[PDB]
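K.L.:
Below you'll find the structure I mean.
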Amino acid sequence: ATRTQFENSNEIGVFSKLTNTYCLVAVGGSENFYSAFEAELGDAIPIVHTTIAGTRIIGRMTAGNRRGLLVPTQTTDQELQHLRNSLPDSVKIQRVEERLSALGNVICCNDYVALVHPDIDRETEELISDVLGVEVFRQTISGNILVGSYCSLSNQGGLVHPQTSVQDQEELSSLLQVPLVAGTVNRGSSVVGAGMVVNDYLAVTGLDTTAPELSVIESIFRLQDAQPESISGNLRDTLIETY
Amino acid sequence: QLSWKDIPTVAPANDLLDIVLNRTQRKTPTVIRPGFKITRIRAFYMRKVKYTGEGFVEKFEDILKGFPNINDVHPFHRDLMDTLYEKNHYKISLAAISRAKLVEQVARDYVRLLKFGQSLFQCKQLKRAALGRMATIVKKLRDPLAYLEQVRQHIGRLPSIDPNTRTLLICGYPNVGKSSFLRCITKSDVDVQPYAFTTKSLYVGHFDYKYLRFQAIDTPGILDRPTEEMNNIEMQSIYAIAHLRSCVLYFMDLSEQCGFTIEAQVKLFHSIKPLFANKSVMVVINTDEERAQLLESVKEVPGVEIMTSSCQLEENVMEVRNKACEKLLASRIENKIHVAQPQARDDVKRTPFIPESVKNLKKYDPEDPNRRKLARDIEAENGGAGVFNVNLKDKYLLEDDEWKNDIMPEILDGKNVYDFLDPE
Amino acid sequence: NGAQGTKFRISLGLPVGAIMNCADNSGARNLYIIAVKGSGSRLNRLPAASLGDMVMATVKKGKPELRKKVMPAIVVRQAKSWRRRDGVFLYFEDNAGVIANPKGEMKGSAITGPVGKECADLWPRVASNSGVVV
Amino acid sequence: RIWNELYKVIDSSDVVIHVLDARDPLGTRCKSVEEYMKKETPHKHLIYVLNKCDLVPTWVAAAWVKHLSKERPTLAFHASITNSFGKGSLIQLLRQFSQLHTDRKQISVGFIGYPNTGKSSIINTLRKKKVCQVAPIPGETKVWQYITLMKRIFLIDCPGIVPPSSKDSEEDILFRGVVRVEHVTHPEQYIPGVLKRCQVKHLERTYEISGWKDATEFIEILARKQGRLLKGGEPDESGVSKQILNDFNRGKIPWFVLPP
Amino acid sequence: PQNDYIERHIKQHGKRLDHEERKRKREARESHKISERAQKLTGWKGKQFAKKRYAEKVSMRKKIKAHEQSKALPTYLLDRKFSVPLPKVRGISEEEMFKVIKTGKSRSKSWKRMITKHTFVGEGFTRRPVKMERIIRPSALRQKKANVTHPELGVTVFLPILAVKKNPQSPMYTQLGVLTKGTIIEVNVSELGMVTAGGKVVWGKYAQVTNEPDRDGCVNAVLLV
Amino acid sequence: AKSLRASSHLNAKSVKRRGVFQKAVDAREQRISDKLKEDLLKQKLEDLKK
Amino acid sequence: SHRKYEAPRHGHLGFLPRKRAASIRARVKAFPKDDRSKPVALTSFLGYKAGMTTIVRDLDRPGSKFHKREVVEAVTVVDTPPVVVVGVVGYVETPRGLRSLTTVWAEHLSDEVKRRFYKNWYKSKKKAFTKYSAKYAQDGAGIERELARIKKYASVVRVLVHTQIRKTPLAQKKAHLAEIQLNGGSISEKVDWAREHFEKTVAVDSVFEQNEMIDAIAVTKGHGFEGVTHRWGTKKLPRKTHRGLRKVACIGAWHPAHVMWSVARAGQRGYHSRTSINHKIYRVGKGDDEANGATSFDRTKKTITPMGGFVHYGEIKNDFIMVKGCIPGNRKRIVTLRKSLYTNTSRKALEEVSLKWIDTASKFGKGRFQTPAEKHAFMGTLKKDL
RNA sequence: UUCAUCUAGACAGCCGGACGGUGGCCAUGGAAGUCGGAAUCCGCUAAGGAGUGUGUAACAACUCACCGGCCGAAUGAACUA
RNA sequence: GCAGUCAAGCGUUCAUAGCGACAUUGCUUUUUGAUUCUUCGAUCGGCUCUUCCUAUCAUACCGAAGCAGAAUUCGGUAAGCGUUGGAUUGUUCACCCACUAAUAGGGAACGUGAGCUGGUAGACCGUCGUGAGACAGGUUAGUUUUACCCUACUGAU
Ligand SMILES: Nc1nc2c(ncn2[C@@H]2O[C@H](COP(=O)(O)OP(=O)(O)OP(=O)(O)O)[C@@H](O)[C@H]2O)c(=O)[nH]1
Ligand SMILES: Nc1nc2c(ncn2[C@@H]2O[C@H](COP(=O)(O)OP(=O)(O)OP(=O)(O)O)[C@@H](O)[C@H]2O)c(=O)[nH]1
Ligand SMILES: [Mg+2]
Ligand SMILES: [Mg+2]
């Protein structure tokens, strides 16, 4: 995993969205947040500055998988062109007309499943169900309906905020088909989606998140050789005396 | 709690007097005249008395509230600060300052007297009288403030110890090695010269084991001392061993070194084993038959564990450290995560998509000559953070590269190009 | 501090003594009280601000557990005519209010209705708790 | 300003009457003044007068009088120019003190107590006409006045006092007649105190409703009944709570504290 | 932190390179700068500087004195008119004692006189009615206790006053109880345990006030043995 | 804060002036002189149309 | 006494006396310091203010929050037709100040500058520079002697130029005249430059270019006799106060015997001479080339002059300078553009401004169309057409 | 003005000595001239305090008090105006 | 402040009289920071707007502090620039909570009396008086109205 900070915030949704095949970042004063990703990734995949409707809050404004990328109505034609030019033709990019414009809060996704706010349907959202990617589910994380903020996800595991119940966790891991766990971020934060971005090979979060939280993240996401999620078997009582 | 450092400076009596009286002479006006109204004169001297009172009580309140209550804190800190500062003297000085905070009585009485002043001379003499009585009260505070400034400097430099955290004591005879055990195991500025009471205080270090903060405590020394006479340096060690919920590591140093004999070492151990009744003890030998009988001596105690090791090797150190941590965490959890799973809902396969690029890729060594440039450094080359104009282009993917520095028209006569722009 | 970014200038709509709406379900309905952080000091002038500005406020209507209690939080809608530095003047249907701690972190967990673009860019946790930007 | 008048009245007085409300005498007692009178001025007499005894039953009055006669004489009283109680007893006691102070040529009697206890009304009751201004609002008497009877007893009216015992609370100070409820901000939060103190039977007999729960619901029921609602349909909880709190103190709602 | 960390730091690294030379030079320049501050520092600061310097001179003189020096009646009659210690005190005018007080909406009636100086009223004072009181003796200018010194024993005591017998100004003032300078008062002395021949405990004695308590809140007095 | 006429800020500005700003200020002078000379030559060319 | 509440002053005591300026054309009171190392260069230029307009720009400003983002901005447009040189002045140094010891004029001059010298032009015989033209005879002994005098003495050299008001739509017929300093080196070369430049023009491209910070010196838009409240910014007294409420009530309690120069009285507001510095040029546009108002992003052929022309001004048929923001003076005035007096240590004077669009809509109302072709296309065919 | 030192060499500078019983006795984890309490003596001396300050955990080392060598004639302190 | 102790000096042509700087003792109530904090008779406060003083609250530069850093305390130069918004009239010779870099003190009036605004005639209650009336009080209602003159100031010939 990795910890770093730009301007001085532990919340990474202020700056970035990250998948298996591209990484979006916000344009800032300095190229240090971009360099933090370039260090671990190199030139292997697209690393792309730009704003969304002249805003930096791009992981919370956007959402996508390795197959594509959804952006809102407030997005300009130039930023859209810029993303199109800077990304390959393998990722289909689309501008969506919706009341709920924060797609990275309204949606949590991986390359095989997606959860959504229970609110309005659409023609091409009911078409995206199987067109663009695959399953959509209208669900709710312990009453928190802002799934992309209150839950982080990948293809190998999932994290939710700590007030989620065992019952709801088992119900939601059935839909996602992969293990879930409830945890906190950045010295006791329930908001995991903004505080962290993660995928099949790499994790980035803030400087303030503790070593137990990092160990859980590493466990549930399969980073270190080897951590198949019952390394919690080893670190049982660490979390006990921590919480 | 934990670093009573935010205590404002406690000035001596004469300096405090000079401060509070010069503040009055400076801030409040200084000029009145006989031809002025008696009400003006009264208000003048009243303002002076009231400001002078308020200054003294502000100062004294900063002392009283900033200083800790030696009772009402924790028994460990209480006993430590008692053996350091003499609790009786401490409380007596602070009570002296509280009762002096008298000044209020003088100010109120003399203001209420000033209400009836019928002349400038009368009002002036009443003002002088109030300030002089204040000065007498403060002059009678010469020794407590001298005591309290010293206690302030000391208690600011004391270390922040949580008694409830995972702790381990490091005990033994003087000149053993238990302090450079702390030096080696943990970051800590401690002296290791070869004589008895090289350290006169408790020193703290931290480390992380199993994703948990621990604190190790080096304690200066204990002697065999039949215990109705002992000094304030050893009573620190005793109170620390008695109060805290730690493991405890007795260093024996089986050797002619130490300037102390093995009989005396086991004697001290048997002397202070009543403190060990609930403390998770371990013994470490840092490299004849009676000397060995003296070791099964201590093994025969019910809860104990012996180890042989060194400061010569640096792995047995971590060994025994982890042993002490494991011994503690067990009956911590005694004295005191659920991952979900799918249950087989479908056959659709899912798998990690990763390109070959990252597996062929090389990590980033920040201290290699030949490496990746990483635009941080391109910034450093061209110009700093706020001057370097990055090209958002130069990354883009096109059919022709010669057209890098092109622009798309956005608007024509009335229309917008993006609306008419299709491939077909 | 707590906010991410600079002190940027957008017109003032909300002087002291102004009751504005809360639509989250933390329990409050209204926000009134005095204070604005980062306000100047001029004779006879009212403390009034926006730009995702942090303000002191009380619940005039809501649950008694949080009535009678002063609290900080942030403007998200104004209904005055604000100017975007990218073109047009913007304005909302109403004023909106809502609650937080001094670091910018919210007592509530979700927001109803639109939230200002610059307010969300300045306050991260508002952007995470908001489903609707503009 | 008020405590200057207090100490002036005491220093001018030969006797000090301490007026208590029979609903809450220990609330309305002011012990610090009694301690001052003990230490400073033992030559003054310091008696108690329970007033508003018509609002509570007779056995509560007898209990309190028994509890307080152990320490201080403690007459009971009801103030009215027409229908009074205790007038002759108090007259007898004052002329007793006069007979004791036969050399002074006159004897002054100060009236101390909380606001809205009935000092002015007791004086008006002794004189049997309106001598002092009276109002159900607390602070009608703002400055002292001398009043004469027998050419030998001088009554002195004092304004009301509350000592700043900080163990007290704004709620306790409200439920003693001290403040004007027009000036407080949220009068709704105090109605639970009203339910706590008062009896449901009297409370439903007074407003003629019935069977409520939830004082917030109580207010809205009473407002829908009285037609006391705003432009729209929001029932005015604030003004209705203000009226309830005025009624509670003025004695439209009967309530009383039990003694040991 | 954690202990005398700067003392450790000085032991390990040591203070600076330019520390001892600079300290020597400060000690050398102090002689110049002392005189510089004397010919400068106008006002209160110069006054205080001079006071400090004089006190420091006296201290060193006494120190050197101590160094160089450290290099008929019997015991019971050693340590040994009926005139009071203060006859012929300053005379007080009636104008300086009584202040005029005016009554009415249009203040036109005066007839009222406030005593400006400290007073002793008694134990059962009980102010007169306002329509009948002319002499006003305010509560703040009302003393119950004095600070009486025995000339022998070098001792003082905070004793309760019992009476005023003789104010030398216009014996009306005695009946009013005015405690001006030279006033003679009866004070209780039971705290001292005095007893006459016969075993009767003395609990009252004459004393003369030595101060003007209109200027000082104190009433200081000397016992007449 | 540090005023406009603060010695340290003015020294920093003095150090900045000799570098990146004076180069940009001096290039414009050569450019504008090169334009000034051509605006003379074109007027001469027009005078030599008669 | 001590006022009980501190508050800042009302007004600036440096912009006094607030009187009418003694000339419609503000006088340049300082030119930049000369460096005799560098080529010959004019220090200033003249122009005529022509309304305002709106532009959009793409901002490459690192550190800012519109970095790589679009920004709408106001701009001022000055009609800057070429300036004609007619004379030279030499200013010798003295221990009293600077003194002019000789002025030399050209051979031929225009009816415009002659009109400037005259005050009733339609009656005169127009005999202005006849004897000077005669002094321009065979060898010009006098001309060369005074020029050599300027080369020898005089220290610093200014050049008398005038405008070509004939080119503007303004109905004045009379040119303005101004001394503009030469800031290169070699007084001899300055004089030679001027000698070669008599009777010849200097365009604005030959004095300025894009991304340059210039100062505008002008006179500000008289409004006339005005009161305290609007002339200094004072509070208003509540209502129906005695002897009115739009004034200062008084000075306080304390008693002076005079009225001070500092107490904010009534009088003239405007027609004051002002010098406003550091305005960035955004475009140096030229009449020869149409599509001035067009842009690399737009590609819509049109000149900057809006539909129906500017208001209280005509069309821009001439070279123009576009600066950002608000200069002093109103439309139809005479402004002098000076260059900055000092090297500016701000990145604002380095960023290469790029425009995306210029607003050529009507300012005689709420303009919705940039071109009459757009208006035609949107409205469609009318009754009058066919 | 008064009192003192001085070619049997003054004052200022450098240099050297600055000892021995003895790490004097109590005390303490340790304290040896110098955290503290109380003695404060004798010896050998040209002179050298049971020690004037810096310093050490303790010693050490340096220092002055005092003596001597080189230098070669005036100097110091307290007071007054 | 009162009463004392001591002693650097002064000292009727005094050795053993007197005076006496700097220090210092007692009285003020207590020894263990529990003090429930507790008011006791005065014959003004609020708008606009300008300037000045420094005895500097903040900003700028420095010194000393067991000053690790961070923050803070004491002090030196310094008046260049700023030093707020509100609640409370059973009252405010003031206090309360907030914002703030900070929420410093004062003067030019109050050394009789001087912008604009709150705080005699009628009537009622209380105390006194034989009474007319007065007041220890309290409440209520209740008409000065320049400049067009000189100077100053501001702008204009
Ligand atoms: N043989 C050996 N000797 C050691 C080792 N570590 C320390 N020592 C000895 O320990 C001596 C110093 O003692 P300290 O390390 O200070 O132990 P301490 O004196 O009991 O520590 P404190 O009482 O806290 O002051 C040194 O002279 C070393 O010779 C070790 O690892 N091996
Ligand atoms: N039922 C009842 N009401 C009383 C009695 N005495 C007084 N009251 C009422 O209490 C109200 C307020 O009490 P006050 O008579 O003003 O007593 P007070 O506050 O000491 O009087 P002031 O000194 O003028 O402030 C009056 O308006 C009466 O109506 C009583 O004995 N019985
Ligand atoms: Mg050691
Ligand atoms: Mg009342």
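If you're wondering about the labels, chains in the structure tokens are A, B, ... by order shown, residues count from 1 in each chain, ligands from 1 in order shown.
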Give me the residues within 7 Å of stretch 149-156 of chain D as a CSV table (one decimal) with C-alpha atoms, in the first residue's frame, counting only C-alpha atoms (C1' of nucleotides) and dropping any in the same chain fewer than 2 places off.
P.N.:
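Ended up saving to result.csv:
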```
chain,number,residue,atom,x,y,z
D,9,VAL,CA,-33.7,48.5,54.7
D,105,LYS,CA,-39.8,55.9,70.3
D,106,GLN,CA,-40.5,54.0,67.1
D,107,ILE,CA,-39.8,50.5,65.6
D,108,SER,CA,-39.1,49.8,62.0
D,109,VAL,CA,-40.0,46.5,60.3
D,110,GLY,CA,-38.4,45.5,57.0
D,111,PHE,CA,-39.9,43.1,54.4
D,144,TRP,CA,-38.0,51.3,49.2
D,145,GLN,CA,-40.8,53.1,50.9
D,146,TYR,CA,-41.7,53.9,54.5
D,147,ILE,CA,-45.3,53.3,55.6
D,158,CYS,CA,-38.0,46.4,49.8
```
K.L.:
Grab me every residue within 6 Å of ligand 1, counting only C-alpha atoms (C1' of nucleotides) and all ligand atoms, and send it over as a list in words.
P.N.:
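Within the 6 Å cut-off, the matching residues are residues 173, 174, 175, 176, 177, 178, 179, 180, 192, 193, 194, 196, 197, 198, 199, 218, 219, 220, 221, 286, 287, 310, 311 and 312 of chain B.
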K.L.:
One decimal, Å: what's the distance from atom CA of residue E:159 over to atom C1' of residue I:41, could you say?
P.N.:
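Value for the atom CA of residue E:159-atom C1' of residue I:41 distance: 26.5 Å.
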K.L.:
Residues within 6 Å of residue A:91, please, as a PDB file with N, CA and C atoms, in the first residue's frame. Count only C-alpha atoms (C1' of nucleotides); anything in the same chain fewer than 2 positions from it doesn't count.
P.N.:
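To be explicit, this is the file written out as out15.pdb:
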```pdb
ATOM      1  N   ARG A  67     -13.390  -0.661 -18.226  1.00  0.00           N
ATOM      2  CA  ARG A  67     -14.061  -0.629 -19.523  1.00  0.00           C
ATOM      3  C   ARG A  67     -14.535   0.755 -19.960  1.00  0.00           C
ATOM      4  N   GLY A  68     -14.715   1.683 -19.020  1.00  0.00           N
ATOM      5  CA  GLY A  68     -15.323   2.955 -19.344  1.00  0.00           C
ATOM      6  C   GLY A  68     -15.247   3.947 -18.203  1.00  0.00           C
ATOM      7  N   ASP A  89      -8.796   4.236 -26.750  1.00  0.00           N
ATOM      8  CA  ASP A  89     -10.136   3.908 -27.224  1.00  0.00           C
ATOM      9  C   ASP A  89     -10.739   2.718 -26.488  1.00  0.00           C
TER      10      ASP A  89
END
```
K.L.:
What residues in chain C lie within 12 Å of chain G, counting only C-alpha atoms, written as an mmCIF file with C-alpha atoms, in the first residue's frame?
P.N.:
```cif
data_model
loop_
_atom_site.group_PDB
_atom_site.id
_atom_site.type_symbol
_atom_site.label_atom_id
_atom_site.label_comp_id
_atom_site.auth_asym_id
_atom_site.auth_seq_id
_atom_site.Cartn_x
_atom_site.Cartn_y
_atom_site.Cartn_z
ATOM 1 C CA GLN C 4 -8.859 23.165 1.387
ATOM 2 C CA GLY C 5 -7.876 26.212 -0.640
ATOM 3 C CA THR C 6 -7.721 29.976 -0.680
ATOM 4 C CA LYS C 7 -9.963 32.769 0.511
ATOM 5 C CA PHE C 8 -11.889 33.432 -2.710
ATOM 6 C CA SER C 41 -13.785 44.547 11.574
ATOM 7 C CA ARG C 42 -15.392 47.814 10.539
ATOM 8 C CA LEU C 43 -17.514 50.310 12.450
ATOM 9 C CA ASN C 44 -21.271 49.838 11.869
ATOM 10 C CA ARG C 45 -20.793 46.953 9.393
ATOM 11 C CA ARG C 83 -20.862 35.466 -10.090
ATOM 12 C CA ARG C 84 -18.896 32.543 -11.418
ATOM 13 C CA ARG C 85 -15.495 33.527 -12.743
ATOM 14 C CA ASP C 86 -16.457 31.262 -15.702
ATOM 15 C CA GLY C 87 -19.256 33.300 -17.312
ATOM 16 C CA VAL C 88 -22.671 33.692 -15.783
ATOM 17 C CA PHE C 89 -24.282 34.810 -12.536
ATOM 18 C CA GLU C 118 -17.160 26.248 -4.833
ATOM 19 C CA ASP C 121 -14.451 22.219 -3.753
ATOM 20 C CA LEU C 122 -13.502 24.115 -0.588
#
```
K.L.:
Could you check which of H:4, H:15, H:62, H:57 is closest to ligand 3, using only C-alpha atoms (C1' of nucleotides) and all ligand atoms?
P.N.:
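Smallest distance to ligand 3 is found for H:57.
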